[PDB]
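For reference, the structure is listed below as structure tokens.
Should a chain be cited, it is by its letter among A, B, C, D and E, assigned in written order, with residues numbered from 1 in that chain.
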């Protein structure tokens, strides 16, 4: 019906992708996804002539907007392609070459924290600009993340990612998640899809990725309410504890700071906001169930 | 100069936003919304009439209040015929309050208002509230006179003893009791008595009350609240709900007694244990770690990039630099993103993008 | 169902409904404030007025004399309509309304008998209001500051009006009557139900109020969720390989599958769709298949069972052993509830020939699991405590 | 006529009386009514006991209604003899003294409503004869009297009062009075330096 | 109707020709877009996999609520023969056309395209300075000719032949002039995109024997091309066709290289106001428009008196209204033009008028009339005046020997719907001239 903007977030980092190839047998699988991504983006442009395409890449040292290219050319695809498709594909690949060249130069730099959260936050701002600028345009988020590489700690990724969920729900912007790696489920990324009418997909093999994207990640915002999502995973809407790192069903949260606590913290004091609890009040929680004598 | 005039006005507007510190705020709230429906509310200063607009804004306030405070509860009271009328019990269901207000929209207002009656009812309604919650009372006063059966001063003293907080929104002018009620009840603070200056200004006042109020240092109460996280379950056949006792397709299962509920967040009807989702608490996180305001970059220095870091919008060349930088990460941003990042989002993309 | 048949104690039933009881009581437990009642009445030849029970009570409260003449004459002499017809026509109503009484007005003979009593009442009321006044607003001392002031008497414009005979015209009396009425209303507010220094001080000259709000700083650190390492040289090898592969040539046509994995992918996707589609079709109460008569009985059993569960958990989690006897009684009730649920299934099974038994069990399956779980929790805790 | 009945709905009516004790009780009731919030209107005499020392600062006095110029009784032998004596001795015109005597009392009541700079109120002088008396009023009152308010109507005056009351209710900007109407110790020292 | 009209023309084409039409990926890319969103989703899903999916699986994708849209998407998709339904093994299998599948795959995967989108000479020209004015003037000149206003330059015989041969702009030599018809006013009332499709659609139908697929291979390919760039010169039929298209302001040629114009892009997909006007009770029109096209169409039924740079003011008169109605313009079309070109003040007042109407009597939702009803009544009443006299051509039958014969002949005419009036007592009736022959033949038998 109406044009829709597709904002694909690509979490390509040298550390993440390298570990994926050694465990598997698909050397240079990033090319397979990249070339498949080119077709998928072209398919989005082929759905309608009034829809735009945006690509944001999350590299080790930060984020970069692959398309549209900043105002500040090699031949990788034949120049006989359609102009609009070529104008996006050639620029995208051209930015890819620059991105890898910059990353290779700064390979020695030590990176420990993933920048996936930052890329999503930047994408949300870009979606607002495009929607705000033009006026009656839809939007959609698609994250193609390689989860094979073990993450350091997702705890600090909770606050940014969860914040983006509410913003996406405010402006009716479904978020689609695609995972390529060993882990079947991503607790925080899964919540993004479920909480915003999005789709979460996980594929172990990179080969034949276009089929998944075309059939599962091609649900445009226009026909969301009339299309059943292919998501199969089930979430629990739970959170991990603050000093034990395990899912808690029933627990205690500090009123001042709302810090989840599976058990009473040592010293009868909050372990995060350093708030002293009343001994009488906490003793109520410690009280055991009443049983007849 | 016309373009500069807008710029300087933005700087003056940004002047207030500069002073932001992480004040302690009570996320858990218990609000008693009081609306004045008296003869004085039949005036035409607000089109079509004061009663119609106030009810309309009340519905919007209810939608906004529960949207940003999912773990809060609200109650509605109305003053009519010199008496306080209760129209909705304190509950966590936003639909119940909206439905009650819609019905009220039909009845014409008449009679005189009675603040003492309204406050007394609010005091009783807030008696069965946990000590960890913040007791707040939003009063919409339009009349310049109050008819009460007893001594208002005694009630005000009782309100202070009960640690209740009162916010009053006037329509015409200042009332001596309202100033005293808003002052003695807020530790002498005089910023809780607000009078609208036009139709538009009223919208901001209602929106402002949504944000949780900061807590006083001396009024410090720390405790641990027991809560639960039920797991959503899908059933092939409808089953009776433990809350309304009606046939529903499915519901969340309480982890303490396995009793099912229809909608969240609500207290379990069986074990009286507050049931919530991880998302519900996540929303109130921005009030605990507010994003530091961005400071405009002077034009004297040299800018980093010609396009926005987060939206890739070319900065117009045009006197005043159209760039705002974040001190934490030192990343320039356009004017549009800063408003979007501080009103819709609550995380600076530049800070997140920086690795460590 | 819960008190008459089930037998739940009435006190326990109201324990969890305190706000409901309070809300209803406050509705009829509040009264409007005092106000000038007689001024509202307007006679509007034939003249008609519309009194109301609320007006009748308000008049008595503001004017005790009216009540005094009302209680002693209503049943004795004439009905209430006649009494109030005489009262309004009487000069007493005019006098109480703060209006100058006219000698020409005939009034009512019966009501006029109480005019002298009102004069006594006003004197009594004057003492009820008389009390020492603060020197700040003590006008008595201003005229008594110099008790030997001798000066020309004030002109007649500065003195109360008088008639030809020299007596007061009586308009000053109504001023006192209105003044007394206002004083009574304020005093009635202050019912059973240093300062001067502070008032004189200029608040604006004092230091501006300073907020005393608290500030909290929260540290962010927690353990990760609990239920081959590649070196930089290995990483640098992959970047070279992808760079060489990218720079040389990139073929988009290889993306098409080999037709041997495409079918597997489609089957896997469709499998999830079927599961999702089944939930979607059944994702005002929903239509029910059971008969109407059976549905209400099922709800009644579910509602009463839930009420017992709520009370059982309240006492179980109360924390005080003084309610041990109640828990035992409730535990027996829960056991009876299980038997009642089983009995209903057996009754439905034989009556409906198992056709509705499966549907009946499904409708009450979640509550049955909760009920049996509660007994299991009670039994498990009870056994451990016993030994 | 029934005008009071309408007033009774909005405010309590307190009336000054010749008896001093009764008038004192009225002030206590008037102050008590204003304090709680019931609202009260006090009718007094410009030359009476209320106007000779009783103050109506802040809430007690929010609107002052001067019903006519408080002229003395012209047909009085005492006043006439005084007027003639001044004209022959001090060469003061009888009309000039009469206007001065009335204005000095009308202004007196006007000044019993403001205590600090945080107080506000409206002073309305209801008489066609006040239009030419602007110069005779106190300087601090005259400066605040706009040229457009010399002759107003009831409908026009009410609207201006409503706008004024609403505007004053808004929070005052501290910077607007940091060193122009209110001085701290540092501000006072600065003034002592510039002056010297 | 835009998609349906273009879709309808393609549907009527024989299936044999349709298969040849899908050979070029460029045509399919445009054809793919015109389909409903649901149809596009399924087509793209199955294009990359060389397998057959049963119709039942496709049904599972659609939710119960969106079940109705499934019927329209499949019916529309199947009508074009893009989706070939094959039934075998007791199941209604679904497969895609091999030529359509391969052609679609090539464009998306960057396969061999055989220069379906053309080539680039890297010799660009100024668009606004040349492309815009040339097509605008050429499109304005034909529009001025269409509206009937005198113009110095008249269009070539090609488009002129097309105009007359269509229902558009009926012409008569005896009159010596050309005037718009009922459909012509609708054509002038259509947006630029539809205004271009109407002429193009007529061009497709009017042409005889040049292949029908070649004309579509160019039109769809024309949309693929971008304005402001050169394309070296393609089929033999596309050469004369390209020159023919040059007369409609679609493609600009310097004299070896042709340049598509703004109208070229409009073909592929879609994309105070100018034209807004104020009409008062006194039958005066004040148009806040500065454009020759708007003024010309207004002059059809308006006795315009003066004009300014920012706005045009005129008066509605019986002579002007009679002149327009004589041309076949209907009152309903006129009010539609006024309603869709209503000034915001009229719309705001109409909303305020509706608010007042609803506020007073909210029980009934009265219709929203932007302009005063009196104008509507007077214009409609003037229409009744023209239709005051009604005349039919035919013959009168009388002198019937027997009543049965009169009823038999009269009843027969009524059955075939050629009876205009009858009288039982007089045994007389009148029939239209069209049915005179049938009635006479029936009488003999």
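The definition used in the following text is that contacts are C-beta pairs under 8 Å (C-beta built on N, C-alpha and C of every residue); 3 or more make two chains touch, one makes a residue touch a chain.
**Q** Please identify the chain lying most centrally, where each chain is represented by the average of its Cα atoms.
**A** Central chain is B.
**Q** On a C-alpha centroid basis, what's the spacing between chain C and chain E, in Å?
**A** 64
**Q** Report the inter-centroid distance (CA atoms only) between chain A and chain E in whole Å.
**A** Inter-chain centre distance comes to 46 Å.
**Q** If you average the CA atoms of chain C and of chain D, how far apart do the two points sit, in angstrom?
**A** 44
**Q** List, in ascending order, every residue of chain B touching at least 2 other chains.
**A** Answer for chain B, listing residues that touch two or more other chains: 24, 147-148, 151, 288-289.
**Q** If I count partner chains per residue in chain D, which residues reach a count of at least 2?
**A** 36, 38
**Q** So which bits of chain A are touching at least two other chains?
**A** 39, 77, 210-211, 215, 228, 256-257, 275
**Q** Once the touch criterion is applied, which pairs of chains come out as touching?
**A** A-B, A-C, A-E, B-C, B-D, C-D, C-E
**Q** Quick check: in the complex, which residue numbers of chain D touch chain C?
**A** Contacts found on chain D: 4-5, 8, 12-15, 17-18, 20-29, 31-33, 36, 38, 40, 45, 47, 49-50, 52-54, 73, 76, 78, 115-118, 174, 182.
**Q** For the complex, which residues does chain A have touching chain C?
**A** 14-15, 17-19, 21-23, 27-28, 30-32, 34-36, 38-39, 74, 76-77, 93, 96-97, 100-101, 103-104, 107-108, 153-156, 187, 205, 207-212, 215-216, 228-232, 240-247, 256-257, 259, 272-273, 275, 284, 287, 289-293
**Q** Can you name the residues of chain C that touch chain D in the complex?
**A** Per the touch definition, chain C meets chain D at residues 33, 35-36, 39-40, 98, 129-130, 133-134, 137-140, 142-144, 152, 155, 157-160, 172, 175-176, 178-179, 182-183, 185-186, 189, 202-205, 208.
**Q** Where on chain E does chain A make contact in their complex?
**A** Of all residues in chain E, those touching chain A are 26, 29, 32-33, 37-38, 40-41, 44-45, 47-49, 61-63, 65-66, 69, 107-110, 112-113, 115, 117, 120, 224, 226, 268-271.
**Q** Hey, which residues of chain C end up touching chain B in the complex?
**A** Against chain B, the touching part of chain C is residues 18-20, 22-23, 26-27, 30-35, 189-191, 193, 209, 211-218, 279, 282-283, 285-286, 288, 298-299, 302-303, 306, 309-310, 313-314, 317, 359, 362-367, 369-370, 373-374.
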